[PDB]
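Taken in order, these protein sequences are the chains called S, V, E, Z, X and C. Sequential numbering from 711 applies to the first sequence in full-length UniProt numbering. Sequential numbering from 14 applies to the second sequence in full-length UniProt numbering. Sequential numbering from 14 applies to the third sequence in full-length UniProt numbering. Sequential numbering from 515 applies to the fourth sequence in full-length UniProt numbering. Sequential numbering from 613 applies to the fifth sequence in full-length UniProt numbering. Sequential numbering from 1004 applies to the sixth sequence in full-length UniProt numbering.
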Amino acid sequence: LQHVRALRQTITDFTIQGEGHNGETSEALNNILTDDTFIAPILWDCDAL
Amino acid sequence: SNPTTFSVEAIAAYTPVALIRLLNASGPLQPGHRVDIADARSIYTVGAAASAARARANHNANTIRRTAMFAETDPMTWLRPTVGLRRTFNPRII
Amino acid sequence: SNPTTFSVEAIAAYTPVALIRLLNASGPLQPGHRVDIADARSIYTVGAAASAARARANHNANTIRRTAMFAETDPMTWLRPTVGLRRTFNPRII
Amino acid sequence: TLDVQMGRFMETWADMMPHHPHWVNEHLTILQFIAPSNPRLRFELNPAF
Amino acid sequence: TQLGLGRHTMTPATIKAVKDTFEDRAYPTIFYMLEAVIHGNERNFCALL
Amino acid sequence: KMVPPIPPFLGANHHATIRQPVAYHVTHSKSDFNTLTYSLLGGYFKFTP
């Protein structure tokens, strides 16, 4: 359970708090895990299309 | 039930379908005769499931009715919080 | 008990409240009517707890009275010390 | 009641932050901090303050 | 071997939970039924055991 | 998720005793569960002369 919630400890540690950009949830520009252009085949419960 | 009269499949068929123990679907068929078919199937759907809901009435003599199920109004909620019975008990009333 | 007369909620209500295991709150409410509210709430719990303390009443044919739990005078203390009972036993007297 | 105060704090703090405070930048390696970049560098003078 | 260090190393019982649920040859069909007695949003099956 | 959402009526980071860097440490320090405790204890020593 909590080392992929220590993976919560391992995809918001090694970057960054101080400066962000252009209004999409967060700091969204992002990259390939965390912003506002990944919804999907996601066809289970409810949030993303 | 009467008169329609009895599902032999055939494509009549009749919406309920008020049986228990359809040792009937097969049974024989054997096979379906010369009609168009498509629904057909619907008639078996709705009324077979009715044949389920009305097949009950009972089994409620040992339930254990339904519950508040959750935390939500529950039109008072202002003098006690709400919590739901997830039914780990063996619901029998013995 | 009478006449006040019986908790319907409403906001009358009354302080005792001498019922047990009430499936009354839920129960219908349904919901509370057009009066102010505020307490209500305090008067509710203040009686509910009493109606459980008074609900005990019996169950005391199985106790096994209470004790000092900890150690303290005990106005004698001058020819024997004092100790308490860590309430880990089953009080049933059977 | 310690609840309305928290709500008020949340509402005020939603826009209290037009930029980001310089005191969670505890992360930089020695040299990132050291380079004459860092705006907090000119405020790190006495090791006991 | 350079991203995870002491997000640490392993042993018999949980990647136990690993070798015999993703390799060889032994699977089902009617809890198939029961998985669509399962599939995703809330539902009132939230109440029994 | 940026700054510890600590209400101003309970003390701020720059006026408190336990500040951001030690929290950074405990959430990013990475050895063990004994060495971490002893290191944290080593943290709590005053810098008064």
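Ideal Cβ placement from N, Cα and C applies to all residues, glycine included.
Reference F102(E), options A61(E), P88(E), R78(E) and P29(E), closest by Cα: Checked all of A61(E), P88(E), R78(E) and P29(E); the closest Cα to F102(E) is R78(E).
Pick from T86(V), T90(V) and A31(V) that is closest to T58(V), judged by C-alpha positions: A31(V)
Counted within 10 angstroms of its Cβ, other Cβ atoms place residue 9(E) as buried (16 or more) or exposed: Outside the shown range of chain E (14 to 107) lies residue 9(E), about which nothing can therefore be said.
DSSP state of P88(E) mapped onto helix, strand, coil: coil
Beta-carbon contacts of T17(V) that lie in its chain and below 8 Å, excluding the five residues immediately before and after: So the qualifying residues of the chain are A25 and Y27.
Neighbour list for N1016(C) in chain Z, Cβ cutoff strictly below 9 Å: Neighbours of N1016(C) on chain Z, chain order: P535, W537 and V538.
Whether residue 1068(C) touches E540(Z) by CB criterion (8 Å): A query on residue 1068(C) cannot be resolved here, the shown segment of chain C reaching from 1004 to 1052 and no further.
Chain X contact residues for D755(S), given Cβ-Cβ distances below 9 Å: In chain order: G652, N653 and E654.
CA-to-CA distance, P1011(C) to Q519(Z), given in whole angstroms: 10 Å
Local Cβ density within 10 Å of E635(X), reported as buried at 16 or more and exposed below that: exposed
Below-8 Å beta-carbon distance, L98(V) vs any chain B residue: Structure shown: chain B not included; protein chains present are S, V, E, Z, X and C.
Alpha-carbon to alpha-carbon, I749(S) and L739(S): 16 Å
Helix, strand or coil at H620(X) according to DSSP, with G and I counted as helix: coil
Terminal residues of the alpha helix (DSSP H) in which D529(Z) lies: Here the alpha helix (DSSP H) through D529(Z) covers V518 to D529.
Cα-Cα separation between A74(E) and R67(E), rounded to whole angstroms: Each residue's alpha carbon lies about 15 Å from the other.
Chain C contact residues for residue 666(S), given Cβ-Cβ distances below 8 Å: Nothing about residue 666(S) can be reported from this structure: the residues present for chain S run from 711 to 759 only.
Rounded distance between the beta-carbons of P88(V) and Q43(E), thought under 8 Å: Indeed they touch by this definition, with Cβ atoms about 5 Å apart.
Residue environment, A61(V), which counts as buried when at least 16 other CB atoms sit within 10 Å: buried
Listed by chain order, chain V residues near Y57(E) by CB distance under 7 Å: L92
Chain E residues whose Cβ lies nearer than 8 Å to that of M89(V): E22, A38, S39, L42, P44 and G45
Per-residue burial, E22(E) [other beta carbons within 10 Å of its own, 16 or more giving buried]: buried
Span of the alpha helix (DSSP H), counted from its first residue to its last, around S55(V): Start and end: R54 to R69.
Contact under 8 Å by Cβ, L98(V) with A659(X): yes
Coil, strand or helix - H1028(C) by DSSP: Secondary structure of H1028(C) (DSSP, three-state): helix.
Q546(Z), enclosing alpha helix (DSSP H) - first and last residue: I544 to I548
Meets three-Cβ-pair contact criterion under 8 Å: the region 543-559 of chain Z and the region 1024-1042 of chain C: no
For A562(Z) and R556(Z), the rounded distance between their alpha carbons: 15 Å
Beta-carbon neighbours of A81(V), restricted to chain E and to distances below 9 Å: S39
Closer than 8 Å to chain X by CB, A716(S): By this cut-off, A716(S) is an interface position.
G728(S) vs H534(Z) beta-carbon contact at 8 Å: Cβ atoms of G728(S) and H534(Z): closer than 8 Å.
Any chain S beta carbon closer than 8 Å to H1028(C): no
Chain C residues whose Cβ lies nearer than 9 Å to that of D723(S): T1030 and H1031
Which of helix, strand or coil DSSP assigns to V538(Z): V538(Z): coil per DSSP, three-state reduction.
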